[PDB]
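S.K.: File my_file.json follows (JSON, C-alpha atoms and all ligand atoms):
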```
[["chain", "number", "residue", "atom", "x", "y", "z"],
["A", 1, "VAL", "CA", 4.16, 2.01, -4.73],
["A", 2, "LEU", "CA", 2.04, 4.24, -2.40],
["A", 3, "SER", "CA", 3.01, 7.86, -2.69],
["A", 4, "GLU", "CA", 4.30, 9.79, 0.27],
["A", 5, "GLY", "CA", 0.96, 11.73, 0.08],
["A", 6, "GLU", "CA", -1.08, 8.50, 0.29],
["A", 7, "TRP", "CA", 1.09, 7.33, 3.20],
["A", 8, "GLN", "CA", 0.27, 10.67, 4.95],
["A", 9, "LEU", "CA", -3.46, 9.97, 4.58],
["A", 10, "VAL", "CA", -2.97, 6.45, 5.97],
["A", 11, "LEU", "CA", -1.01, 7.35, 9.02],
["A", 12, "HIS", "CA", -3.03, 10.39, 9.93],
["A", 13, "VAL", "CA", -6.08, 8.12, 10.25],
["A", 14, "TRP", "CA", -4.07, 5.46, 12.22],
["A", 15, "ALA", "CA", -2.91, 7.96, 14.83],
["A", 16, "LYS", "CA", -6.59, 8.36, 15.67],
["A", 17, "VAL", "CA", -7.00, 4.59, 15.82],
["A", 18, "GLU", "CA", -4.16, 4.66, 18.34],
["A", 19, "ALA", "CA", -6.27, 6.71, 20.70],
["A", 20, "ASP", "CA", -8.49, 3.71, 21.36],
["A", 21, "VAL", "CA", -6.85, 0.61, 20.03],
["A", 22, "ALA", "CA", -8.78, -1.78, 22.22],
["A", 23, "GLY", "CA", -12.13, -0.35, 21.13],
["A", 24, "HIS", "CA", -11.14, -0.40, 17.44],
["A", 25, "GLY", "CA", -9.78, -3.91, 17.52],
["A", 26, "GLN", "CA", -12.89, -5.16, 19.27],
["A", 27, "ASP", "CA", -15.25, -3.68, 16.67],
["A", 28, "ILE", "CA", -13.08, -5.03, 13.83],
["A", 29, "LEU", "CA", -12.93, -8.59, 15.12],
["A", 30, "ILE", "CA", -16.66, -8.51, 15.81],
["A", 31, "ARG", "CA", -17.44, -7.38, 12.25],
["A", 32, "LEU", "CA", -15.14, -10.10, 10.85],
["A", 33, "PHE", "CA", -16.85, -12.78, 12.93],
["A", 34, "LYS", "CA", -20.34, -11.79, 12.02],
["A", 35, "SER", "CA", -19.88, -11.08, 8.34],
["A", 36, "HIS", "CA", -17.76, -14.27, 7.90],
["A", 37, "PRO", "CA", -18.51, -16.92, 10.56],
["A", 38, "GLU", "CA", -16.01, -19.37, 9.18],
["A", 39, "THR", "CA", -13.11, -17.16, 10.43],
["A", 40, "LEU", "CA", -14.15, -17.60, 14.01],
["A", 41, "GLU", "CA", -13.63, -21.39, 13.65],
["A", 42, "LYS", "CA", -9.95, -20.56, 13.18],
["A", 43, "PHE", "CA", -9.79, -19.45, 16.78],
["A", 44, "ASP", "CA", -9.91, -22.21, 19.37],
["A", 45, "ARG", "CA", -9.97, -19.54, 22.04],
["A", 46, "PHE", "CA", -13.04, -17.76, 20.68],
["A", 47, "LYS", "CA", -15.01, -20.60, 19.19],
["A", 48, "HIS", "CA", -17.44, -20.61, 22.09],
["A", 49, "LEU", "CA", -18.88, -17.11, 21.52],
["A", 50, "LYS", "CA", -22.22, -17.32, 19.74],
["A", 51, "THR", "CA", -23.72, -13.89, 20.08],
["A", 52, "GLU", "CA", -22.60, -10.32, 19.54],
["A", 53, "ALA", "CA", -23.29, -9.62, 23.23],
["A", 54, "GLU", "CA", -21.00, -12.42, 24.35],
["A", 55, "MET", "CA", -18.31, -11.14, 21.98],
["A", 56, "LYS", "CA", -18.51, -7.60, 23.32],
["A", 57, "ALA", "CA", -18.30, -9.00, 26.86],
["A", 58, "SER", "CA", -15.05, -10.93, 26.35],
["A", 59, "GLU", "CA", -11.83, -9.41, 27.73],
["A", 60, "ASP", "CA", -9.73, -12.02, 25.94],
["A", 61, "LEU", "CA", -11.22, -11.04, 22.51],
["A", 62, "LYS", "CA", -10.41, -7.43, 23.30],
["A", 63, "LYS", "CA", -6.81, -8.51, 24.22],
["A", 64, "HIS", "CA", -6.44, -10.17, 20.83],
["A", 65, "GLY", "CA", -7.79, -7.14, 18.98],
["A", 66, "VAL", "CA", -5.01, -5.11, 20.65],
["A", 67, "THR", "CA", -2.46, -7.70, 19.50],
["A", 68, "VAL", "CA", -3.54, -7.48, 15.87],
["A", 69, "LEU", "CA", -3.81, -3.68, 15.53],
["A", 70, "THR", "CA", -0.49, -3.14, 17.26],
["A", 71, "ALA", "CA", 1.22, -5.51, 14.81],
["A", 72, "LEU", "CA", -0.56, -3.82, 11.89],
["A", 73, "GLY", "CA", 0.46, -0.46, 13.21],
["A", 74, "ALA", "CA", 4.17, -1.41, 13.32],
["A", 75, "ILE", "CA", 3.88, -2.43, 9.71],
["A", 76, "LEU", "CA", 2.08, 0.67, 8.48],
["A", 77, "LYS", "CA", 4.59, 3.01, 10.06],
["A", 78, "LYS", "CA", 7.34, 1.37, 8.00],
["A", 79, "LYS", "CA", 5.68, 2.66, 4.89],
["A", 80, "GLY", "CA", 6.45, -0.27, 2.69],
["A", 81, "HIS", "CA", 9.82, -1.21, 4.27],
["A", 82, "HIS", "CA", 8.25, -3.91, 6.37],
["A", 83, "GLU", "CA", 10.16, -7.05, 5.46],
["A", 84, "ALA", "CA", 11.29, -7.81, 9.05],
["A", 85, "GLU", "CA", 7.87, -7.36, 10.67],
["A", 86, "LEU", "CA", 5.98, -9.12, 7.94],
["A", 87, "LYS", "CA", 8.12, -12.26, 7.57],
["A", 88, "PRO", "CA", 7.36, -13.83, 11.02],
["A", 89, "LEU", "CA", 3.68, -13.00, 10.65],
["A", 90, "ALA", "CA", 3.48, -14.80, 7.23],
["A", 91, "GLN", "CA", 5.30, -17.81, 8.63],
["A", 92, "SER", "CA", 3.05, -18.15, 11.69],
["A", 93, "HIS", "CA", -0.13, -17.56, 9.73],
["A", 94, "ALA", "CA", 0.91, -19.99, 7.05],
["A", 95, "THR", "CA", 2.38, -22.86, 8.98],
["A", 96, "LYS", "CA", 0.75, -22.52, 12.37],
["A", 97, "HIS", "CA", -2.55, -20.72, 12.17],
["A", 98, "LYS", "CA", -3.31, -21.86, 8.62],
["A", 99, "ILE", "CA", -5.07, -18.59, 7.60],
["A", 100, "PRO", "CA", -6.20, -18.41, 3.89],
["A", 101, "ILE", "CA", -5.13, -15.20, 2.11],
["A", 102, "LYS", "CA", -8.92, -14.65, 1.44],
["A", 103, "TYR", "CA", -9.49, -14.19, 5.21],
["A", 104, "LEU", "CA", -6.85, -11.51, 5.11],
["A", 105, "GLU", "CA", -9.04, -9.82, 2.53],
["A", 106, "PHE", "CA", -12.04, -10.13, 4.85],
["A", 107, "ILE", "CA", -10.34, -8.50, 7.83],
["A", 108, "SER", "CA", -9.14, -5.76, 5.45],
["A", 109, "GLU", "CA", -12.76, -4.99, 4.63],
["A", 110, "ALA", "CA", -13.61, -5.01, 8.29],
["A", 111, "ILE", "CA", -10.89, -2.47, 9.15],
["A", 112, "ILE", "CA", -12.09, -0.12, 6.46],
["A", 113, "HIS", "CA", -15.67, -0.28, 7.46],
["A", 114, "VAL", "CA", -14.92, 0.39, 11.12],
["A", 115, "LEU", "CA", -12.57, 3.26, 10.25],
["A", 116, "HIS", "CA", -15.37, 4.83, 8.35],
["A", 117, "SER", "CA", -17.86, 4.40, 11.17],
["A", 118, "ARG", "CA", -15.61, 5.88, 13.76],
["A", 119, "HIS", "CA", -13.94, 8.58, 11.72],
["A", 120, "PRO", "CA", -16.07, 9.95, 8.84],
["A", 121, "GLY", "CA", -14.87, 13.63, 8.61],
["A", 122, "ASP", "CA", -11.55, 12.24, 8.67],
["A", 123, "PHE", "CA", -11.84, 9.23, 6.43],
["A", 124, "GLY", "CA", -12.98, 10.63, 3.07],
["A", 125, "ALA", "CA", -12.82, 8.74, -0.35],
["A", 126, "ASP", "CA", -9.21, 9.69, -0.72],
["A", 127, "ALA", "CA", -8.12, 8.28, 2.64],
["A", 128, "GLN", "CA", -10.30, 5.28, 1.89],
["A", 129, "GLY", "CA", -8.34, 4.71, -1.30],
["A", 130, "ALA", "CA", -4.95, 5.13, 0.34],
["A", 131, "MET", "CA", -5.89, 2.69, 3.14],
["A", 132, "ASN", "CA", -7.11, 0.08, 0.70],
["A", 133, "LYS", "CA", -3.83, 0.39, -1.24],
["A", 134, "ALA", "CA", -1.85, -0.06, 1.97],
["A", 135, "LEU", "CA", -3.81, -3.17, 2.92],
["A", 136, "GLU", "CA", -3.40, -4.58, -0.59],
["A", 137, "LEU", "CA", 0.36, -4.16, -0.30],
["A", 138, "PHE", "CA", 0.17, -5.93, 3.06],
["A", 139, "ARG", "CA", -1.79, -8.85, 1.53],
["A", 140, "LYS", "CA", 0.48, -8.83, -1.53],
["A", 141, "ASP", "CA", 3.72, -9.34, 0.41],
["A", 142, "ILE", "CA", 2.31, -12.01, 2.70],
["A", 143, "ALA", "CA", 0.92, -13.89, -0.33],
["A", 144, "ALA", "CA", 4.41, -13.98, -1.82],
["A", 145, "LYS", "CA", 5.79, -15.50, 1.34],
["A", 146, "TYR", "CA", 2.93, -18.07, 1.41],
["A", 147, "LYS", "CA", 3.73, -19.11, -2.14],
["A", 148, "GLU", "CA", 7.34, -19.61, -1.22],
["A", 149, "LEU", "CA", 6.23, -21.89, 1.67],
["A", 150, "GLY", "CA", 3.67, -23.86, -0.46],
["A", 151, "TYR", "CA", 0.40, -22.45, 1.03],
["A", 152, "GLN", "CA", -0.49, -19.72, -1.62],
["A", 153, "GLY", "CA", -3.76, -18.49, 0.06],
["B", 201, "LIG", "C1", -4.29, -7.58, 9.84],
["B", 201, "LIG", "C2", -4.52, -8.92, 10.11],
["B", 201, "LIG", "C3", -3.81, -9.67, 11.05],
["B", 201, "LIG", "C4", -2.70, -9.33, 11.87],
["B", 201, "LIG", "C5", -1.87, -8.04, 11.92],
["B", 201, "LIG", "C6", -2.48, -10.40, 12.73],
["B", 201, "LIG", "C7", -1.51, -10.47, 13.71],
["B", 201, "LIG", "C8", -1.36, -11.50, 14.62],
["B", 201, "LIG", "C9", -0.43, -11.54, 15.69],
["B", 201, "LIG", "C10", 0.62, -10.50, 16.01],
["B", 201, "LIG", "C11", -0.65, -12.73, 16.38],
["B", 201, "LIG", "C12", 0.16, -13.28, 17.54],
["B", 201, "LIG", "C13", 1.55, -13.82, 17.17],
["B", 201, "LIG", "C14", 1.43, -14.89, 16.06],
["B", 201, "LIG", "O1", 0.64, -15.91, 16.19],
["B", 201, "LIG", "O2", 2.31, -15.01, 15.21],
["B", 201, "LIG", "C15", -1.73, -13.38, 15.76],
["B", 201, "LIG", "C16", -2.27, -14.58, 16.19],
["B", 201, "LIG", "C17", -3.33, -15.24, 15.61],
["B", 201, "LIG", "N1", -4.00, -14.85, 14.50],
["B", 201, "LIG", "FE1", -3.46, -13.18, 13.28],
["B", 201, "LIG", "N2", -3.40, -11.38, 12.45],
["B", 201, "LIG", "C18", -4.20, -10.94, 11.40],
["B", 201, "LIG", "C19", -5.26, -11.60, 10.80],
["B", 201, "LIG", "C20", -5.77, -12.83, 11.16],
["B", 201, "LIG", "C21", -6.94, -13.41, 10.66],
["B", 201, "LIG", "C22", -7.79, -12.79, 9.55],
["B", 201, "LIG", "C23", -7.15, -14.60, 11.42],
["B", 201, "LIG", "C24", -8.20, -15.53, 11.39],
["B", 201, "LIG", "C25", -9.29, -15.42, 10.51],
["B", 201, "LIG", "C26", -6.09, -14.67, 12.33],
["B", 201, "LIG", "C27", -5.97, -15.66, 13.30],
["B", 201, "LIG", "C28", -5.02, -15.72, 14.30],
["B", 201, "LIG", "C29", -4.93, -16.75, 15.26],
["B", 201, "LIG", "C30", -5.77, -18.04, 15.29],
["B", 201, "LIG", "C31", -3.91, -16.39, 16.13],
["B", 201, "LIG", "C32", -3.53, -17.07, 17.44],
["B", 201, "LIG", "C33", -4.59, -16.78, 18.50],
["B", 201, "LIG", "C34", -4.30, -17.59, 19.75],
["B", 201, "LIG", "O3", -3.38, -17.19, 20.59],
["B", 201, "LIG", "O4", -4.75, -18.73, 19.86],
["B", 201, "LIG", "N3", -5.26, -13.59, 12.16],
["B", 201, "LIG", "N4", -2.11, -12.65, 14.66]]
```
For this file, produce the structure as structure tokens.
M.R.:
Amino acid sequence: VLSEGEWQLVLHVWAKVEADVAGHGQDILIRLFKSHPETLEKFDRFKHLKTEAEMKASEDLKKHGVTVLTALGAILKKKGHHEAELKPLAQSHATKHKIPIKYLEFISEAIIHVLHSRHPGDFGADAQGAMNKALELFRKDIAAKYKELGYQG
């Protein structure tokens, strides 16, 4: 599992993300969309935005970045005991949104990059390793639920 010490590192960085969720979630989604254009085609509501400027300008995109980080936050503060939060998310993303497990790996890279941009002194190699472990556990448990449903990535 993650140690209690690695959970400390994780949550101490997330409490700073919580100071500007809407700004963090907007950077993250933007980085996802640009590095991996195919993910944007998953979103009928966003599929019109072609440039970075248009993305930055959208209130609705910012609303959805708040949705995602809040749900991730709920999960991270359960330190592993996240079965009840995670189960509905796997079901919707499997059966309704149809999101490949690989795209969950892409947004995981985006979160880590943005956390490093916005919080260097605070997000050293050690906190980087703890956060990547916590995201892998997230991916790992959703992937198990996908397999059960017949979607396995
Ligand atoms: C940490 C990653 C993610 C979290 C915590 C997360 C969380 C959520 C939540 C809470 C919702 C709204 C309720 C739901 O539909 O069940 C949602 C909706 C959605 N998510 Fe995810 N999501 C994540 C990653 C992704 C990725 C990587 C994609 C696409 C590449 C994606 C695409 C969508 C779409 C299409 C919706 C619905 C948007 C709309 O209202 O039309 N999600 N997600």
S.K.: Kindly provide the residues of chain A that approach ligand LIG 201 (chain B) to within 9 Å, each paired with its closest atom pair and their distance in Å to one decimal, based on all atoms listed in the file, listed by chain and increasing number, as JSON lines.
M.R.:
```
{"residue": "A:29", "atom": "CA", "partner": "B:LIG201", "partner_atom": "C22", "distance": 8.7}
{"residue": "A:32", "atom": "CA", "partner": "B:LIG201", "partner_atom": "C25", "distance": 7.9}
{"residue": "A:33", "atom": "CA", "partner": "B:LIG201", "partner_atom": "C25", "distance": 8.4}
{"residue": "A:36", "atom": "CA", "partner": "B:LIG201", "partner_atom": "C25", "distance": 8.9}
{"residue": "A:38", "atom": "CA", "partner": "B:LIG201", "partner_atom": "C25", "distance": 7.9}
{"residue": "A:39", "atom": "CA", "partner": "B:LIG201", "partner_atom": "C25", "distance": 4.2}
{"residue": "A:40", "atom": "CA", "partner": "B:LIG201", "partner_atom": "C25", "distance": 6.4}
{"residue": "A:41", "atom": "CA", "partner": "B:LIG201", "partner_atom": "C25", "distance": 8.0}
{"residue": "A:42", "atom": "CA", "partner": "B:LIG201", "partner_atom": "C30", "distance": 5.3}
{"residue": "A:43", "atom": "CA", "partner": "B:LIG201", "partner_atom": "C30", "distance": 4.5}
{"residue": "A:44", "atom": "CA", "partner": "B:LIG201", "partner_atom": "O4", "distance": 6.2}
{"residue": "A:45", "atom": "CA", "partner": "B:LIG201", "partner_atom": "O4", "distance": 5.7}
{"residue": "A:46", "atom": "CA", "partner": "B:LIG201", "partner_atom": "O4", "distance": 8.4}
{"residue": "A:64", "atom": "CA", "partner": "B:LIG201", "partner_atom": "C33", "distance": 7.2}
{"residue": "A:65", "atom": "CA", "partner": "B:LIG201", "partner_atom": "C6", "distance": 8.8}
{"residue": "A:67", "atom": "CA", "partner": "B:LIG201", "partner_atom": "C10", "distance": 5.4}
{"residue": "A:68", "atom": "CA", "partner": "B:LIG201", "partner_atom": "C7", "distance": 4.2}
{"residue": "A:69", "atom": "CA", "partner": "B:LIG201", "partner_atom": "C5", "distance": 6.0}
{"residue": "A:70", "atom": "CA", "partner": "B:LIG201", "partner_atom": "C5", "distance": 7.4}
{"residue": "A:71", "atom": "CA", "partner": "B:LIG201", "partner_atom": "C5", "distance": 4.9}
{"residue": "A:72", "atom": "CA", "partner": "B:LIG201", "partner_atom": "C5", "distance": 4.4}
{"residue": "A:73", "atom": "CA", "partner": "B:LIG201", "partner_atom": "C5", "distance": 8.0}
{"residue": "A:75", "atom": "CA", "partner": "B:LIG201", "partner_atom": "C5", "distance": 8.3}
{"residue": "A:86", "atom": "CA", "partner": "B:LIG201", "partner_atom": "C5", "distance": 8.9}
{"residue": "A:88", "atom": "CA", "partner": "B:LIG201", "partner_atom": "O2", "distance": 6.7}
{"residue": "A:89", "atom": "CA", "partner": "B:LIG201", "partner_atom": "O2", "distance": 5.2}
{"residue": "A:90", "atom": "CA", "partner": "B:LIG201", "partner_atom": "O2", "distance": 8.1}
{"residue": "A:91", "atom": "CA", "partner": "B:LIG201", "partner_atom": "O2", "distance": 7.8}
{"residue": "A:92", "atom": "CA", "partner": "B:LIG201", "partner_atom": "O2", "distance": 4.8}
{"residue": "A:93", "atom": "CA", "partner": "B:LIG201", "partner_atom": "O2", "distance": 6.5}
{"residue": "A:96", "atom": "CA", "partner": "B:LIG201", "partner_atom": "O1", "distance": 7.6}
{"residue": "A:97", "atom": "CA", "partner": "B:LIG201", "partner_atom": "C30", "distance": 5.2}
{"residue": "A:98", "atom": "CA", "partner": "B:LIG201", "partner_atom": "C30", "distance": 8.1}
{"residue": "A:99", "atom": "CA", "partner": "B:LIG201", "partner_atom": "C24", "distance": 5.8}
{"residue": "A:100", "atom": "CA", "partner": "B:LIG201", "partner_atom": "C25", "distance": 7.9}
{"residue": "A:101", "atom": "CA", "partner": "B:LIG201", "partner_atom": "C22", "distance": 8.3}
{"residue": "A:102", "atom": "CA", "partner": "B:LIG201", "partner_atom": "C22", "distance": 8.4}
{"residue": "A:103", "atom": "CA", "partner": "B:LIG201", "partner_atom": "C22", "distance": 4.9}
{"residue": "A:104", "atom": "CA", "partner": "B:LIG201", "partner_atom": "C22", "distance": 4.7}
{"residue": "A:105", "atom": "CA", "partner": "B:LIG201", "partner_atom": "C22", "distance": 7.7}
{"residue": "A:106", "atom": "CA", "partner": "B:LIG201", "partner_atom": "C22", "distance": 6.9}
{"residue": "A:107", "atom": "CA", "partner": "B:LIG201", "partner_atom": "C22", "distance": 5.3}
{"residue": "A:108", "atom": "CA", "partner": "B:LIG201", "partner_atom": "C1", "distance": 6.8}
{"residue": "A:111", "atom": "CA", "partner": "B:LIG201", "partner_atom": "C1", "distance": 8.4}
{"residue": "A:135", "atom": "CA", "partner": "B:LIG201", "partner_atom": "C1", "distance": 8.2}
{"residue": "A:138", "atom": "CA", "partner": "B:LIG201", "partner_atom": "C1", "distance": 8.3}
{"residue": "A:139", "atom": "CA", "partner": "B:LIG201", "partner_atom": "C1", "distance": 8.8}
```
S.K.: Between A:109, A:122, A:18, A:83, which residue has the minimum interatomic distance to residue 144 (chain A), considering all atoms listed in the file?
M.R.: A:83
S.K.: If I put a ball of radius 7 Å at (-10.6, 0.1, 2.0) in the file's coordinates, which residues poke into it when counting only C-alpha atoms, written as a ChimeraX atom specification?
M.R.: /A:108-109,112,128-129,131-132
S.K.: Taking only C-alpha atoms into account, which of A:82, A:47, A:13, A:114 comes nearest residue 26 (chain A)?
M.R.: A:114
S.K.: Do you know which residues lie at most 9 Å from (-11.4, -3.8, 19.2), with coordinates as in the file and all atoms listed in the file counted, and could you write them as a PyMOL selection string?
M.R.: chain A and resi 20-30+61-66+69
S.K.: Separation of CA of residue 58 (chain A) and CA of residue 15 (chain A), in Å?
M.R.: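 Interatomic distance here is 25.2 Å.
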S.K.: What is the distance, in Å and to one decimal place, between CA of residue 37 (chain A) and CA of residue 113 (chain A)?
M.R.: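 Taking CA of residue 37 (chain A) and CA of residue 113 (chain A), their separation equals 17.2 Å.
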S.K.: Which residue is closest to residue 137 (chain A)? Choose from A:76, A:115, A:125, A:9 and count all atoms listed in the file.
M.R.: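 The closest residue to residue 137 (chain A) is A:76.
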S.K.: Go ahead and compute the interatomic distance for CA of residue 85 (chain A) and CA of residue 149 (chain A), in Å to one decimal.
M.R.: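 We find that CA of residue 85 (chain A) and CA of residue 149 (chain A) lie 17.2 Å from each other.
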S.K.: Need to verify the contact set: residue 2 (chain A), 8 Å, all atoms listed in the file, exclusion of same-chain residues closer than 5 positions in sequence. Can you return it as a PyMOL selection string?
M.R.: chain A and resi 7+130+133-134
